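Note sheet for the following structure.
Below, each value reflects all heavy atoms present in this structure, side chains not excepted, and no hydrogens, waters or symmetry copies. Chain letters run A, B, ... following the sequence lines, proteins first and then strands; every chain starts at 1.
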Amino acid sequence: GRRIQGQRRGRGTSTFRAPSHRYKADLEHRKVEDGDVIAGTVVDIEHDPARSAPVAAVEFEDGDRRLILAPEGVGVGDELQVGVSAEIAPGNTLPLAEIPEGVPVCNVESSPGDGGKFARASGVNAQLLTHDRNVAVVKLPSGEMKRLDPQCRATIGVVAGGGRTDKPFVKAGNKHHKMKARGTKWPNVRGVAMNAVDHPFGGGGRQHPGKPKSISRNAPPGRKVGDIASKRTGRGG
Amino acid sequence: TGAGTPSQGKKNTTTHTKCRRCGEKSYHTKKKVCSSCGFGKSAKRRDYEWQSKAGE
Amino acid sequence: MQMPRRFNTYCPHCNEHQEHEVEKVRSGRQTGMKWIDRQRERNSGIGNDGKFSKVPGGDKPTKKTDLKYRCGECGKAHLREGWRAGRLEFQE
Amino acid sequence: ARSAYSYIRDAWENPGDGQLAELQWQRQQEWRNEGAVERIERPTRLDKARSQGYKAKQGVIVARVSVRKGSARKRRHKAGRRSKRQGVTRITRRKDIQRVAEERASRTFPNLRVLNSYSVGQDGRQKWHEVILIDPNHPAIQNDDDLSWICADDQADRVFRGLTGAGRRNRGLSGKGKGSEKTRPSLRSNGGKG
RNA sequence: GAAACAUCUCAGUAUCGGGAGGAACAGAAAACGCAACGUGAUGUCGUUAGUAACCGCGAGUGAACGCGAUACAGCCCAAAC
RNA sequence: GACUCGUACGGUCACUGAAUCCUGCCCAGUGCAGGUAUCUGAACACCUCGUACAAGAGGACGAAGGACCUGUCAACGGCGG
RNA sequence: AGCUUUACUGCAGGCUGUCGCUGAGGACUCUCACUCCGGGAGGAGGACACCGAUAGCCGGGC
Ligand SMILES: [Cl-]
Ligand SMILES: [Cl-]
Ligand SMILES: [Cl-]
Ligand SMILES: [Cl-]
Ligand SMILES: [K+]
Ligand SMILES: [Mg+2]
Ligand SMILES: [Mg+2]
Ligand SMILES: [Mg+2]
Ligand SMILES: [Mg+2]
Ligand SMILES: [Mg+2]
Ligand SMILES: [Mg+2]
Ligand SMILES: [Mg+2]
Ligand SMILES: [Mg+2]
Ligand SMILES: [Mg+2]
Ligand SMILES: [Mg+2]
Ligand SMILES: [Mg+2]
Ligand SMILES: [Mg+2]
Ligand SMILES: [Mg+2]
Ligand SMILES: [Mg+2]
Ligand SMILES: [Mg+2]
Ligand code: NA
Ligand code: NA
Ligand code: NA
Ligand code: NA
Ligand code: NA
Ligand code: NA
Ligand code: NA
Ligand code: NA
Ligand code: NA
Ligand SMILES: [Sr+2]
Ligand SMILES: [Sr+2]
Ligand SMILES: [Sr+2]
Ligand SMILES: [Sr+2]
Ligand SMILES: [Sr+2]
Ligand SMILES: [Sr+2]
Ligand SMILES: [Sr+2]
Ligand SMILES: [Sr+2]
Ligand SMILES: [Sr+2]
Ligand SMILES: [Sr+2]
Ligand SMILES: [Sr+2]
Ligand SMILES: [Sr+2]
Ligand SMILES: [Sr+2]
Ligand SMILES: [Sr+2]
């Protein structure tokens, strides 16, 4: 047959790439020698093309102008701080260890100093639960309990733009405009509507997969389609 | 629209041009590579054994 | 069919009739050092292995008798043509 | 009496024991951070180098080359192939790794010519060889009774034509009798069946 | 091609990558093994021979030593001191 | 290297195809997934035999997998005499 | 010839054991290779993983 769509993706051709040249900034936490003597002032609030969420332009004491992953409630004029001694208010960043348990956090680092990896999407937040000299337990937006180095930095508050998902797209055109700002091929043609040569589910005198949809984890690319390694399917039971 | 005559009307693009190195009108001005002598692709001159019969 | 475990018959070795004992031929064990064994190793490689990619044929509905006839006096055995038999049980 | 060289030689018979072992475990850490072809001022295995033709003279160069370990890095067929020719994983190249190293070295020094080479160990994923190259244009060499032979025109690019020591062995020319029916005088003249 | 076909065959062919010369390559035995009280670097030509050997032991594949010729040529390092 | 200047309110893989009222029963087979006393399960190393060595025969241990058990149909599908 | 599959035979790919890289004191500790994070100091991990080799299972993706 022919390579399936998921295989055309990996080649990274124009159709599948993100409009990077149109993206604004890589919102990573600032690096600080130590002390925490790093504060800045929110100079503006901008739209982030890559996340459909607002972002904040901050001007730091040492002349550094950079965009920041904004939590809800940050406005122009507000003063933010980054460092071990940073105050414990929304919008400020400090290592998990300095954060009080029971406080909502966002843009959490995986490995200390990586600039943040977890909880960065609209309206989400991680929940700092347990402290320690060895591990800081955090509850991520998926509900999973993540053990982290207490040295991993994080921003206080929930990410801005919450509730974005509450409104339906209503029409294809709205989806269209959003998809144009992402690394995705859209619209989506169902495999069952294709020819046998183009997909494992293609072919037939009528539309229906010609095998069970639950595919093994070990299936090779070109065949791994449908419900990947499903532990179960449906809603019942 | 027919793929034949009607689609020939839009052909006003210049691609292959006189090559600085070999003189043939094969220097693709968009690719900057000569399809005839290889200029722009290789210092060595484009040549293949299949350009002639095997025993010759 | 039934068949006597012992009986008088010609011994091609003694060259005279004597009591023989009949036994079913037990399969001898292979060594894996015969020429064919080395050829299988030598010739099997990437892709199909010709004759070495074939698998065991089928079965005839009935097999022929496969026996050894041992002379009770000189101890040497001899073989004979077998005959188709669904089952073969020795008497005693 | 034993020459000092004999001691270097004896140490390398077992690169995994004694002081040499500790040395390698140390060096390789640096080697792994070096490039593909690193010119070095002095041979790591002096006895071996001198034994192969090396000389502390002008125009004599030494370079250590690292090449990946293992079989051929081959792409799977993209057209029809009978089962016998569909392999990928078990296919190995016909040139040994030491020969690949000699070639990468010679390319780095276009003006020089490969004299010989030898192994200096390997780790889990790569092998290192030091190659001895000679400047056929330097008068210090053109006047050397033991090396000036490498200055002849027919010795140009000798490594790429398999005229090297590793080249001749890899071409099955070691034996003068039985077994070399299709290797001598050349693989090509014998229909490529060596 | 094997009157299908998978090993085999076409064939290390076609084609591709790299490189030298006027010719290349080979080459002074850790050889041969007409087993010898024998030969004596290496190409090549004739022959040995469709022999030995390989092979769904199918179709097919296929040398060498030797011999008769051509031309002949034998040396330099590493180390010991 | 794409996804990705992205991080679960994400994005990948699929099915259905606005709204409204709804979406029953079946896990035996096939698929996926989890578990597993016991059974089965290759090579290396190891033990026995064999060989002054080797080929080879056998044993012990036993990974994933399978047997076995469980979950699962808005999973392939089924809902008869 | 294109396509399919519990047709025949194989080939990628995934999973898994083993050998090498690979070190110190049937469950365990460590640091020194190696890996990752950090501008750096240093932190995390660690003889595993990656990679090379091989073995078994799955394997119309080809
Ligand atoms: Cl979306
Ligand atoms: Cl019988
Ligand atoms: Cl060279
Ligand atoms: Cl003779
Ligand atoms: K063929
Ligand atoms: Mg960012
Ligand atoms: Mg787009
Ligand atoms: Mg669709
Ligand atoms: Mg259609
Ligand atoms: Mg298909
Ligand atoms: Mg339908
Ligand atoms: Mg349908
Ligand atoms: Mg020749
Ligand atoms: Mg045929
Ligand atoms: Mg036949
Ligand atoms: Mg042949
Ligand atoms: Mg001979
Ligand atoms: Mg056909
Ligand atoms: Mg990195
Ligand atoms: Mg097919
Ligand atoms: Na063979
Ligand atoms: Na060179
Ligand atoms: Na050969
Ligand atoms: Na035919
Ligand atoms: Na045919
Ligand atoms: Na054959
Ligand atoms: Na004679
Ligand atoms: Na069922
Ligand atoms: Na067709
Ligand atoms: Sr980042
Ligand atoms: Sr960064
Ligand atoms: Sr179908
Ligand atoms: Sr249900
Ligand atoms: Sr035009
Ligand atoms: Sr170019
Ligand atoms: Sr050419
Ligand atoms: Sr073979
Ligand atoms: Sr095989
Ligand atoms: Sr039968
Ligand atoms: Sr050249
Ligand atoms: Sr002579
Ligand atoms: Sr509806
Ligand atoms: Sr089931």
Side-chain angles (χ1 to χ4, degrees), chain A residues 1 6 9-12 16-18 20 23-27 31 50-51 111-114 117-124 140-142 149 151 161-165 182-184 190-192 196-197 201 203 209 211-237, chain B residues 48-50 54, chain C residues 29 31-33 43 47-54, chain D residues 1 3 5-6 25 29 50-53 68-70 76 82-84 86-89 123-125 145-146 153-154 156-157 160-161 173 176-178 181 184-186 188-189 191-193:
Chain A
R9 268 185 80 225
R11 298 179 69 256
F16 303 96
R17 269 185 264 136
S20 301
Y23 284 169
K24 288 182 180 176
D26 157 279
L27 321 170
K31 299 157 189 174
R51 308 183 309 115
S111 183
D114 67 35
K117 308 284 187 186
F118 311 119
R120 332 215 324 157
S122 290
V124 307
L140 304 178
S142 67
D149 183 321
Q151 223 46 49
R164 182 190 54 198
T165 270
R182 300 284 189 280
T184 320
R190 293 129 52 228
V192 174
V197 65
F201 295 172
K211 283 187 192 166
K213 302 188 302 184
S214 295
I215 189 65
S216 154
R217 243 286 136 49
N218 307 313
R223 174 187 180 195
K224 182 180 289 178
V225 302
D227 311 326
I228 302 176
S230 68
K231 303 178 198 67
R232 57 160 296 148
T233 59
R235 318 190 83 197
Chain B
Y48 296 98
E49 289 302 329
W50 49 256
Chain C
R29 213 163 190 168
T31 62
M33 289 178 266
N43 295 13
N48 184 77
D49 302 313
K51 62 180 288 171
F52 300 117
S53 282
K54 298 188 184 181
Chain D
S3 74
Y5 305 116
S6 68
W25 178 87
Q29 291 182 45
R50 294 186 64 74
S51 190
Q52 297 187 327
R68 88 297 182 278
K69 290 173 61 187
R76 183 167 179 294
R82 59 195 188 89
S83 75
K84 228 283 176 174
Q86 289 188 45
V88 175
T89 303
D123 58 20
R125 65 164 180 163
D145 294 297
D146 309 320
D153 295 320
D154 53 41
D157 299 298
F160 303 103
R161 299 180 289 126
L173 291 162
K176 299 191 63 178
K178 194 204 306 173
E181 297 79 4
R184 184 167 305 97
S186 77
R188 191 178 176 268
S189 80
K193 313 178 192 181

query: Where the side chain of D:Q29 is concerned, which of F:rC13, G:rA33, F:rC3 is the nearest nucleotide?
result: G:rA33

- prompt: What distance, rounded to whole Å, do you find between the two P atoms, one in E:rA80 and one in E:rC34?
  reply: 43 Å

field: Base paired to F:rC21 (Watson-Crick or G-U; both N/O distances under 3.5 angstrom)
entry: none

query: What distance, rounded to whole Å, do you find between the two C1' atoms, one in F:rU36 and one in F:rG62?
result: 16 Å

- prompt: How is D:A1 classified with respect to the nucleic acid when contacts are heavy atoms under 4.0 Å: base, sugar-phosphate, or nothing?
  reply: sugar-phosphate

message: When the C1' atoms of G:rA55 and G:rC34 are compared, how many Å lie between them, rounded to an integer?
response: 25 Å

message: Base, sugar-phosphate or nothing for D:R50? Non-hydrogen atoms, less than 4.0 Å.
response: sugar-phosphate

field: Of the listed nucleotides F:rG6, E:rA20, F:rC13, the one nearest the side chain of A:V225
entry: F:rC13

- request: Taking only the side-chain nitrogens and oxygens of A:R11, find out if one of them lies under 4.0 Å from OP1 or OP2 of F:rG1.
  value: no

query: What is the distance, rounded to the nearest whole Å, between atom NZ of A:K213 and atom P of F:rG31?
result: 17 Å

task: Give none if G:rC48 has no partner; otherwise give the nucleotide forming a Watson-Crick or G-U wobble pair with it, both distances under 3.5 Å.
output: none

- line: The answer to which of C:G32 and A:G236 contacts RNA chain F further toward the 5' end, by nearest nucleotide, is C:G32

Dot-bracket encoding of pairs in RNA chain E, which uses [ ] for pseudoknotted crossings and | for another strand, Watson-Crick or G-U under 3.5 angstrom: (...[..)......................((.....))...(((((.....((.]...))....)))))...........

message: Can you tell whether G:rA33 is stacked with G:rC34, judging only by whether their six-membered base rings have centres under 5.5 Å apart and planes under 30 degrees?
response: yes

- prompt: Under the 3.5 Å rule, do the base of F:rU23 and the side chain of A:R235 count as making a donor-acceptor pair?
  reply: no

task: Would you mind classifying the nucleic acid contact of A:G162 as base, sugar-phosphate or nothing, using non-hydrogen atoms under 4.0 angstrom?
output: base

task: Would you mind telling me which of F:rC5, E:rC16, G:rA12 lies closest to the side-chain atoms of A:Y23?
output: F:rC5

Nucleotide of E:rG19, E:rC25, F:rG31 approaching D:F160 most closely (side-chain heavy atoms): E:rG19

message: Students often get this wrong, so: under 4.0 angstrom with heavy atoms, is A:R164 touching a base, only sugar-phosphate, or nothing?
response: base

- request: Figure out the CD1/P separation between A:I215 and F:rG31, and round it to whole Å.
  value: 11 Å

query: At under 4.0 Å between heavy atoms, what does D:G192 touch on the DNA or RNA strands: base, sugar-phosphate, or nothing?
result: base

